[PDB]
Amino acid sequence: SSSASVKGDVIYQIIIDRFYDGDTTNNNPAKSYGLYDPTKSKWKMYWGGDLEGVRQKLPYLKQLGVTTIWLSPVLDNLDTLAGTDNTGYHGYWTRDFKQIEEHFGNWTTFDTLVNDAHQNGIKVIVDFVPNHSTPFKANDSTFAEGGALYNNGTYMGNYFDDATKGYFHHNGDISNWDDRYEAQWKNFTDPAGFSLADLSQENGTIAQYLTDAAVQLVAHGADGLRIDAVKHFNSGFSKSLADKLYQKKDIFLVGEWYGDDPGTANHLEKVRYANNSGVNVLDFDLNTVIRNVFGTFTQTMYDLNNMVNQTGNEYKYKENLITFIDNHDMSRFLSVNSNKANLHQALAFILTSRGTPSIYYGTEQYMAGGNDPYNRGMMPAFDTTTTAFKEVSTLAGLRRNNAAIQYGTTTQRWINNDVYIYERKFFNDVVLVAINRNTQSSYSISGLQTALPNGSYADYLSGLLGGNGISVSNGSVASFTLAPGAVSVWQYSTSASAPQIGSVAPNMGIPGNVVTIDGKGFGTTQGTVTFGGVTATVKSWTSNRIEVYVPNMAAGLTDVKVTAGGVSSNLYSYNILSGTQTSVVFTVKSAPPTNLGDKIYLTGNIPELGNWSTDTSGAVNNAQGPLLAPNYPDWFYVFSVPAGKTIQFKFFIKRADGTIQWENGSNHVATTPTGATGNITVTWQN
């Protein structure tokens, strides 16, 4: 379906309470009375935006070029205050994952918005927050709701009556946010003076409950999810949850793995997650550099190109990275740099670069504001004539129509500290983009080379951002002047004469799932699709999109190929799992002594466990881990494995110097749980 890939889309991120109040009657419900501020002066209270308000502004969003709305969390949040004028208006403090937040509407309202968005050709992804329930103080159960969790109104438990349930972790507050065990098993804290009750995704009831709640959003039409705080809960559950969701529908998943940029200690773990979990990630690596290049001017275009190259080498599916200039957790771009041309340039960069852009609501209306909560002001106007509105609409159309933006390679063609001219290319489709961030200097551009075919090219933006026309002859662009602060875009597209795969999505699943192949040149007459040479059953076949069912074949990463008119396409990978997954805590007791830098990994006889690999790079299906060691010399971590299956596995130490020390003896043998979760505990064999 169209939900599988968002490569041709523009994502628009909406903080529901601060967008549009389409129904004033749900502003201050009796269920959660007293959390509403009609004056819009108390920044952490509900101001009244809702799901009906989003639905009423669909014509505006369609005209802007939005093709996927990322809705901030829609599920029932804390019904009380959490300290002085502080409320769950943002949606990250969930008390009931089965019900829509009453300030925003009910399930009928959600269905109506989603159905109306789909009628307007716009998808809806939902921000889903599995890490925690609500604010609590460990020494006082009367604060807020004490972390209370409900199941469609039926009370489940809170932080204080959990002794015989184990729905929450009880390990204290995070102290070192970069310590992986703390970041996942200790509590998320808020500087306002409280902690968030940390759900135990290792508890079977909670894992199935969260799975059911995510599946319910998809059953109600959601086209995918933006999964909150994926660095804060075990990554086995991210992969097992993604499995369940792709069994339901070929939706799109992206996880927010905050920070951990290149060169940092936990960066490789984030890359491995993006490459193996079945969940794509938001592009924090590129965001940092975009803000320093176009915002603070502390980095240059060389740093921007270096980050495009570095992310391109690390992420297997870099075209699934979700890019952004700002969001609800950092100051708005215009509070970093109020120059609107620099904002226009940053927007053009993400609109034409690899991955799919996410534009934070109101960017196109020139909203400004410091960090949370001041970057969550009310959408001020719905003016369709701003330069930013016109730019986004125009470039969104280029992204929908030119395959080079969706799937293309990226090549640097001209660069200095201020100017970046890069080229996207997908077979014969080419887009050459020139950006000059310096608003006070023009540059003479000579020696520019391109893959554009011969001819004269007008700026696709029609000079909106100061762009100019160019003349191309045998791969050479005639010398021209790039104006101060300008953005200029030159493009070529044509029909394909052979099958060309731009995307296969989702990137993981089991036999029988629906998988979508997006591209060009498939023809109108049905041809064939193979996975590793195995013929797949075709569900639908069009010139640019094929839907297939994953064949009942052996598990592992395999190559998808399209054959049309006797000619075969390029290959694109797809990870076939060994069966529906379960998320399992693997513990190895009494392992041998280690030194700082030495880490233990798990490997075994299935692709989920690496097929006996000892490789620990960003590759797909290699050794699993590393394990953590809060209970050293015992080590543990949580991994997604096929449910109800007998597996063989061993652990190994990867010393700081790269040396490998395997457990001795015979392989450990175990049968995995049949439910959502379970535990497999063994003793290191000496």
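Numbering starts at 1 and follows the sequence shown.
Look at the C-alpha B-factors of 152 to 160 and of 232 to 240. On average they run higher in 152 to 160. Taking the PDB entry as given, 660 to 668 carries the higher mean Cα B factor of the two stretches 660 to 668 and 18 to 26.
Across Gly224, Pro73, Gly278, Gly533, the entry's maximum B-factor at the CA atom is seen for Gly533. Between the residues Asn454, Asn320, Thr288, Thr87, the entry's highest C-alpha temperature factor is the one at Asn454. Ranked within its chain, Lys520 lands in the highest third, by CA B factor from the PDB record. Residue-level temperature factors show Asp329 in the lowest third of its chain, judged at the C-alpha atom.
Among the modelled residues of the chain, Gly255 sits in the lowest third by CA temperature factor in this PDB entry.
Among the modelled residues of the chain, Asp634 sits in the highest third by CA temperature factor in this PDB entry. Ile350 sits in the lowest third of its chain by CA B factor, as recorded in the PDB entry.
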